[PDB]
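Each chain is listed here by its residues.
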Amino acid sequence: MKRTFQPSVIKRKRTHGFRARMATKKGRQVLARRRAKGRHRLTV
Amino acid sequence: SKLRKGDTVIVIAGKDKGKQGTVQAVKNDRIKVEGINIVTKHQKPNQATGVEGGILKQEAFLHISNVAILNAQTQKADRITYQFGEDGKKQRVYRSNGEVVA
Amino acid sequence: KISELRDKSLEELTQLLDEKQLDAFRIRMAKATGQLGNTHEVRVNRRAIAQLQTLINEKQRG
Amino acid sequence: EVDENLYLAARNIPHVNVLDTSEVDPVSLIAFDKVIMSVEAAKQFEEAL
Amino acid sequence: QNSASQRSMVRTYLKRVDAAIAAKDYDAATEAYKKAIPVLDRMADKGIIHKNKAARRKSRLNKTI
Amino acid sequence: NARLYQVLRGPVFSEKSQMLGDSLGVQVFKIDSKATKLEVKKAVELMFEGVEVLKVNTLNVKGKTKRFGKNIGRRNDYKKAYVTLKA
Amino acid sequence: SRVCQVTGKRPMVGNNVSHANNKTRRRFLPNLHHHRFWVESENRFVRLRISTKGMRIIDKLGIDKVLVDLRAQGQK
RNA sequence: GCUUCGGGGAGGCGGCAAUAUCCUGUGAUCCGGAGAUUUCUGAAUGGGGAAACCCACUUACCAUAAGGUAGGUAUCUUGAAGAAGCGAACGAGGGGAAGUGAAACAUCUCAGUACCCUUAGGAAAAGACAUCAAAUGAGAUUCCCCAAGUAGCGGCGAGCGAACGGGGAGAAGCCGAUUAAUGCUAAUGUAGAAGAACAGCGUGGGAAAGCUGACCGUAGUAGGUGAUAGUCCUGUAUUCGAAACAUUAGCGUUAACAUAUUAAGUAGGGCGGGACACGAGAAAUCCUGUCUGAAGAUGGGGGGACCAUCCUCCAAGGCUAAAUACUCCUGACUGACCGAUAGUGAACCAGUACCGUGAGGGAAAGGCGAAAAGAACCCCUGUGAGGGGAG
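Residues numbered from 1 in each chain as written, not as in the entry; some residues may be left out. Chains lettered and ligands numbered in written order. Part of a larger assembly, values for the part shown. Heavy atoms only, no water. Residues with missing side-chain atoms left out of burial classes, pairs and counts.

Draft legend 1. Layout of the arrangement of the chains. Considering every one of the two pairs of chains in contact, the largest contact total is recorded for chains D and E. Spatially, chain D and chain F are disjoint, and the shortest separation between their C-alpha atoms is 54 Å. (Contact = heavy atoms within 4.5 Å.)

Structure (structure tokens):
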């Protein structure tokens, strides 16, 4: 059973990175929503 | 806050009311007076600690309001007021007699 | 002590600061080995280094 | 009219209160057990009512 | 009730100031107005009377004086 | 000159350190994380007179995770170096 | 973008209205054309993306007037 | 955590959470103003990147070694100065749904709402008549109560829904009613100080409650203190302080910008749309994608198709405070609001544990006693747990 999740830090960092979020304008809005909510972990 | 270490006080409340002892220390709102409000203490001997341990008799902190300063001349509890001199030095003054002491 | 630090002129403050750095290194070594009897000396020494650095900075500025 | 001295004297007292004739409330009149009132104030109550 | 009495006390002083204005005497108006000022400032803190209203009354009285 | 004093945080005491010192006469010092081998060599030579360092080895160790009470904490990471000395 | 420089015309929004009076959102685009205007004061052709009303404004007011208006407006 | 300037006068080195070394009348801890230091990531801005990392170039100085100290090196706009990014609601503008209702549904409604995008200020917008009115005419804009669910619009269904005018708030008209500093005058704020008066007796673990008799009151329904205190403490009424910095107003002065001179591709018109309570309707009025296009004061716009008369006003230049909208916040005060399944999800180490790749979802959990005085010591037990004595 190759299960749904299979971790790879390189792909995880590229897909959910802080820099990737900053690159797109919309992702900055997601980061701002995390900050407004007060979540400690903004990004993986 | 008016009361300070090193001056005699009289306790007018509690089991030890009517007993006069010197104030060992004050923290913020609690005061400790030698020979007043003694409480039994149980100490567990520890070889690391220097103290021998065992049953000890020691002072217990009590609320500041209960204790009152004792005026020497009249030997009665008296309230404390502050009087400002021309020189500007500040000293505690007994309310009853305007006594300069304490 | 702050007046004593203030009175002296900059060039000798620099040398005094270097001496203080050496003393702090020795104090750290003695603390690490446990030779140092009393732990207040290290704190007071750190405060002294901070005071010296501030005085040097003010004198250099003006 | 209400003078400052009479107000300062009255306010501290537990159940003594002072009010001007114009600014009078039924809850106060009913509540407080006794009422002290001047003839001139009474005349102005007549004119008001 | 207490607040009502606090309000009541001021009105008499203001009426006296109005009578002083009618007299047109400088010192009589000045003493009454200076007597009133602090009480109005104090009542302003309680919130019974608007601070803007108190400032407007002070400006009007100063202009009248 | 000021930096050289800060380079070395102190000695390291352990059974391995004692064995190394006895067998090979090599000392073991805690150092600043950012301090490099060349700085460690210069600081050792400055602090101790009459000692010349053949080689310097540096390694980084992650701090262990220790649980106290209701909270989760990790020890501060520290860096240590092995310094060889002339016989 | 699809904007007339001289007059600032840009796409308008409106409704396509069917005979049954159904409404659908639609756009009205300006009649924009590339045109090389001859300018004697600089002895050169300047290419503008201009509307038909813009070309009429060139005709009525002069390429020099319109060009100085654009330079005041910004992009040149 | 450092320096300085003020306050304060006996304790203190933040909390769980104590211990040790110590500091402190040579004024410590603590509070208020100012200054210095302020690693790395992040608009991140020397290049790059998987955020807290890699690699650099260069100016000056120092060292002789394989370096250190202080700087400079992003992009765009304007001609050296600006901008970038973040963050509540309100404002303005560019786009703009559907569930739903009509007992179906397409016109219509929902609704110009949700949402997306852009961009300000303490408000914004609008604002001075090419506006209404037709009354004896009024005289900018904005908001509130009526007019009035009226007149109207409407598969004339469901529904949508004014205006004239009256009463109020506030008032103002101009062509510099702009911005940003600096300097004086006045005030405020940012630490604080003083601040009245109770004793006896009995009950009680403890008195503040009971009995008796006193005192202050510009302070008597405040919070605590071993049970319910005006007179025990902190407080309240009352009177009040500022070395330093901020803010507000008045004045003076500077340097940035602006400073029209009466308005043409403009009014009007054809086609297609949109907004007007108004859904093309007899449809006035406004905006424009397209094509057109005047008069220009002997003229032109409006007065709800349109014509005539009459009345009113001068579009195609710009600006303008108040009354109005809001609360991420600061100070004071309040509540016939809740009291740990309630009240914010979060009274407690909560946007945490936990769940998910991610966007994101999202808990549970308070209380010994007045004071730890938190059970010395003995016994059973495995030096455990737990308990019986003692206290």
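Draft legend 2. Expanded view of the sheet that holds strand β2 (residues 19–26) of chain B. Residues and elements named next belong to chain B. In space, the six strands of this open sheet follow the order β6-β3-β2-β1-β7-β8, with antiparallel pairing throughout. Every interior strand has two partners, whereas the edge strands, β6 (62–63) and β8 (76–77), have only one. Sheet topology note: the strand β3 (residues 30–33)/β6 ladder contains two bridges and is antiparallel. Bridging across to β6, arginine 30 finds its partner in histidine 63. (Pairing = 2+ DSSP bridges. Helix = DSSP H or I, 4+ residues; strand = E, 2+ residues; numbered from the N terminus.)

Draft legend 3. Inspection of a negative patch on the surface at higher detail. There is a patch of like negative charges on the surface, built from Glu4, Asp7, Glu11 and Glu12 of chain C. Within the secondary structure, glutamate 4 of chain C sits in helix α1 (residues 2–7). (Patch = residues over 30% accessible without salt bridge, like charges linked within 9 Å, V, L, I, M, F, W, Y side chains within 5 Å. Areas by Shrake-Rupley, 256 points an atom, 1.4 Å probe, with all protein chains shown as cover. Salt bridge = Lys/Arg side-chain N within 4 Å of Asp/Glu carboxyl O. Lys, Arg positive; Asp, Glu negative; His and termini not counted. Charge placed at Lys NZ, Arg CZ, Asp CG, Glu CD.)

Draft legend 4. Seen up close, a positive patch on the surface. Residue and element names in this part refer to chain A. A contiguous patch of positive charge on the surface is contributed by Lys11, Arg12, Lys13, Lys37, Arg39 and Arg41. The leading source of residues in the positive patch is helix α1 (residues 9–16), at three residues. Looking at the element boundaries, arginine 12 is found in helix α1. Using a relative accessible area of 41% as the deciding quantity, one classes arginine 12 as partly exposed. (Buried < 20%, exposed > 50% of the residue type's maximum accessible area, 1.4 Å probe, protein only.)

Draft legend 5. The arrangement of the interface of chain D and chain E in detail. Contact residues are listed per partner, giving 10 residues for chain D and 12 residues for chain E. Within the side of chain D that touches chain E, the residues separate by chemical class into four nonpolar, one polar and five charged. (Nonpolar A, V, L, I, M, F, W, Y, C, P; charged D, E, K, R; others polar.)

Draft legend 6. Quick look at the pattern of salt bridges. Evaluated as defined, the whole model comprises eight salt bridges over all chains. As a salt-bridge pair, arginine 92 of chain B and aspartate 7 of chain B come within 2.7 Å of each other at their nearest N and O atoms. Within this pair, whereas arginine 92 of chain B is found in strand β10 (residues 90–94), its partner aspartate 7 of chain B is found in the segment before β1 (8–11), the two being separated by 85 residues in sequence. Residues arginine 92 of chain B and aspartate 7 of chain B agree in their burial class; the two are buried. Ionic pairing is found between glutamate 45 of chain F and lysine 41 of chain F, a salt bridge with its closest N-O pair at 3.4 Å. Placement of the pair is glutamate 45 of chain F and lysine 41 of chain F together in helix α3 (residues 37–47), with a separation of four residues, close to one helical turn. For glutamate 45 of chain F, a relative accessible area of 27% translates into the label partly exposed. When salt bridges with common partners are traced through the structure, they connect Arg3, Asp32 and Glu39 of chain F into a single cluster.

Draft legend 7. Here's a closer look at the interface of chain C and chain F. Contacts between chain C and chain F engage eight residues on the former and nine residues on the latter. Between chain C and chain F the total buried area reaches about 840 Å² when both faces are included, carbon and sulfur atoms providing 67% of it. For the interface between chain C and chain F, the tally reads zero salt bridges. A breakdown of the residues in the side of chain C that touches chain F according to their chemical character gives four nonpolar, two polar and two charged. (Buried area = accessible area lost by both parts, 1.4 Å probe.)

Draft legend 8. Quick look at the sheet that holds strand β3 (residues 56–61) of chain F. All names here are of chain F. The strand order β1-β2-β6-β3 describes an open sheet built from four strands, whose pairing is antiparallel. Each of the sheet's edge strands pairs with one partner strand only, and the pair in question is β1 (8–11) and β3. Between one strand axis and the next, the sheet turns through 30 degrees on average, direction left out of account. Along the sheet face, helix α2 (residues 15–24) touches β2 (26–31) and β6 (78–84) and points at about 140 degrees away from the line of β2. (Axes fitted to C-alpha atoms, helices over the stretch in contact; angles between N-to-C directions.)

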